[PDB]
Protein chains: 2
Amino acid sequence: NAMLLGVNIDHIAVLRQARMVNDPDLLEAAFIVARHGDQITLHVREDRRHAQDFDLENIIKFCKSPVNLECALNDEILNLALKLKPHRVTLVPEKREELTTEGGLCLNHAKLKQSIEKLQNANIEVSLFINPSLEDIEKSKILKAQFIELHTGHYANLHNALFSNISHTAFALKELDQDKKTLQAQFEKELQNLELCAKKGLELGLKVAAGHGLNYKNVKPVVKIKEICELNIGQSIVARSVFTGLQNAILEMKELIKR
Amino acid sequence: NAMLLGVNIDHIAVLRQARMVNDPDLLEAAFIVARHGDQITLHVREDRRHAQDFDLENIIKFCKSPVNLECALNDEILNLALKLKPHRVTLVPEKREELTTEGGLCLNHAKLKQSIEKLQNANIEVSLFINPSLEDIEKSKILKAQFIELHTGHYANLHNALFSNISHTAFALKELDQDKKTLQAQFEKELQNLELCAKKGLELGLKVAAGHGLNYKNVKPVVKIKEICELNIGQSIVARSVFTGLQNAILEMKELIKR
């Protein structure tokens, strides 16, 4: 039935950290997400590139919304999650040791199982951010994750390449400078694979989310995958907000994911 | 009479460069500034942190608006200005050799005079971004600048410290952790000095602009300085746009600078 929208506010913090004058104010933005979205997502990186520990504290203390903290396996941020107790933690990679070549979390990491254990023991829901592969979905089930989040980045880039002007710009991805026929086949395959992976997740009793790189154009085929129950989207919504304001950017996305 | 508003779009490019997917699209934003603002400002840094050479090219070729390029004294960007011919160039410092301790351009720089010469010879209007000091205003007149832009940053920080919550946040400036009485006196002095400097500029036949750090609160005392004819504002407008959209953020600022 109805898809849930988590709004990742990281790129609002990107703007804020750029000038260091507390503007835009992330707690202000969070209040808007709280009202118009279904969950507030933020990634508190070890390197503190954007969202900060005080943002997580303030949002948990002040906002009427589930909170989805994205974080890696470092003790500092896991300890903070254990102390502050967001509703959900989505484990994402930061360090080489946590990363796979495609960007999903390495499910063989020596600390992953105990990390999941500690969070679940604290009654925090755990999602694993994973490459869309059937093998990783099975591994996630074995690790006792409730939730998985499929990495839509490669799908998103392929969609951008095929259906937008990006290849004509300075932002073109050299990897995707290929004939269109090949790209079309890769896109179809990647989209088919997303659907198969969502089906597998649901078959194993996992809840399936998606959302990295999703924008107001490439989201549409993803909405048609019935087995994905949630999307976490940030950068494209922040990018739209510059034109329409954050409330309207969220509401526009909500309208697209109706089904 | 009527204050002109230049909108600096650099922080829209900050968002764009953060994810490298051409979103937000700077040319889209420029069209909005073209319509609702009085000039489009952008700073093409040698290090290409945000606004890029292609942005300057595209805006000059596609937008119905005066363009104010901010740039430093490096040959690469000066040559680009000479080739593309924005309406105005505002010379700002980037390198240690160009910088003063307060952030204004060093008016003793060995290449400044010839740089001004080349630009004016190409029929490009030249503004110098300067600390608000009477000595620098006189030096700017001697250098044959048409325009000066007073560095309002220190004024802005003092206003933020006195009239907002910034001192209670992670963004508090350690330099301004001082008793309020001292800060109030510094603020009054800095504002008085801005007015005196604008008066001097006008007395010498210069056109006087201002605008760094200006926001929807600290702008108000600056509007009361009759001798400032133009404000160039970026970061606060981009920060407001996340909430209201860029058109509305510009129009709100235009309403504040009515007098």
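All values below were derived from every heavy atom in this structure, side-chain atoms included, with hydrogens, water molecules and symmetry-related copies excluded. First the proteins, then the strands, lettered A, B, ... as listed; each starts at 1.
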Toward chain B: residues of residues 22-39 of chain A with heavy atoms under 4.5 Å: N22(A), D23(A), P24(A), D25(A), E28(A), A29(A), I32(A)
Contact winner vs chain A - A156(B), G245(B), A172(B), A170(B), heavy-atom pairs under 4.5 Å: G245(B)
Minimum heavy-atom distance between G213(A) and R19(B), given as atom pair plus value: N-NH1, 4.4 Å
Residue pair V21(A) / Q235(B): nearest heavy atoms and the distance that separates them: CG2-OE1, 3.8 Å
Atom group of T244(B) that falls short of 4.5 Å from chain A, counting heavy atoms: backbone
Among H50(A), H212(A), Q247(A), residue most engaged with chain B (heavy-atom pairs, under 4.5 Å): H212(A)
Which of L246(A), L15(A), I166(A) touches chain B most, by non-hydrogen pairs under 4.5 Å: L15(A)
Which portion of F243(A) sits near chain B, non-hydrogen atoms under 4.5 angstrom: both
CZ (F62(B)) with more than 12 external heavy atoms under 6.0 Å: no
